[PDB]
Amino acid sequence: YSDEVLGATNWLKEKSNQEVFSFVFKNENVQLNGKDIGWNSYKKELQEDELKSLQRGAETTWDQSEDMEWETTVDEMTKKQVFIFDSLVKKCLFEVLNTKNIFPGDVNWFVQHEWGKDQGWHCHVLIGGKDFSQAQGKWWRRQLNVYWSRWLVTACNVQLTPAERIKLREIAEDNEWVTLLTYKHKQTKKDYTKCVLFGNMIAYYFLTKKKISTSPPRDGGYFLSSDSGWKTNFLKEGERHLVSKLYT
């Protein structure tokens, strides 16, 4: 019952029923003119001040949440790429907030990087607040995908011709490398944005995942999480499960 565990539980419980959007930021494998662009082909560390700061935040979140009782054999390249993506995902969120003139302190958000059985790396984002409404979900997805595709093409470490960069940009947008949770439907039928409950989804779902400690990653595991209150960031796996238990 450390203050950190109690503090996270209390913070989430207060936001138990806050409606938020659910996004997934991802990438897919691409081959352009014989050039392979895989999930971890975006390893440029761009020297923009905010991005550098965000990447440092991810590194330190990883460092503080690491359990040293057990050894961790995650590949260095994998960690690097995840830290970079954490900075890029956040940069996208912050750019859209700026477009809407939303004060960052008026926003609740949660970010969690995972490795899926079939898709591999992806990043969940829950985001909402008083300045957000369900009808804005589709606009948010589109804007986030614009910024996400733009930053990915900038961060790509594969030498690309201008035509190739533009093609990659178009692929990331056309194939919706940012997804928005909607109610189940038909291809022809309309899709409705499905808002989720912030604290509940975090405590009863995201905090239940198993920590990735190996390469290749365990199917369905998580790498790293963070939130707008810096509450879950530094928690070890065992502490996260304690939060879920207390939250109930």
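When you see a residue number, it is the position in the sequence shown, counting from 1.
When 32-40 is weighed against 200-208, 32-40 comes out higher, by mean CA B-factor as recorded in the entry. Look at the C-alpha B-factors of 144-152 and of 101-109. On average they run higher in 101-109. Between the residues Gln55, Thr61, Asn27, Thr214, it is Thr214 that shows the highest Cα B-factor in the PDB record. When the CA B factors of the chain's modelled residues are split into thirds, the value for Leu180 lands in the lowest one.
Sorting the modelled residues of the chain by their CA temperature factor places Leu93 in the lowest third. Among all modelled residues in its chain, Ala172 ranks in the lowest third by Cα B-factor. When all modelled residues of the chain are sorted by CA temperature factor, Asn157 is found within the middle third. Among all modelled residues in this chain, the alpha-carbon of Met77 has a temperature factor (C-alpha) in the highest third.
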